[PDB]
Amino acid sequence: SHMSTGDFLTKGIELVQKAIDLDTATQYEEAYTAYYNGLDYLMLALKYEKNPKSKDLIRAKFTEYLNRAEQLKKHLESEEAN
């Protein structure tokens, strides 16, 4: 019922670029949310990608942003408990 016309990869990148700006600004709450939004799009880009070289690059970048988002989350859990 909806055609999936847009590029999930470039949407994911758009959201990660925003996350990076927020992360740099120490706006970690907002950055964390931006990262996970970006990652949901990159995960779908990965699931549906048919070029193995492209999949390899998407995987490498996904992992990097996921590592960072996980760090932010632990930090926020720490501030929340304290």
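The first residue of the sequence shown is number 1, and the count goes up from there.
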property: Chain-relative CA temperature factor third for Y48; result: highest
property: CA B-factor ranking of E14, expressed as a third of its chain; result: highest
property: Ranked C-alpha temperature factor of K73 among modelled chain residues, by third; result: middle
property: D56 - which third its CA temperature factor falls in, relative to the rest of the chain; result: lowest
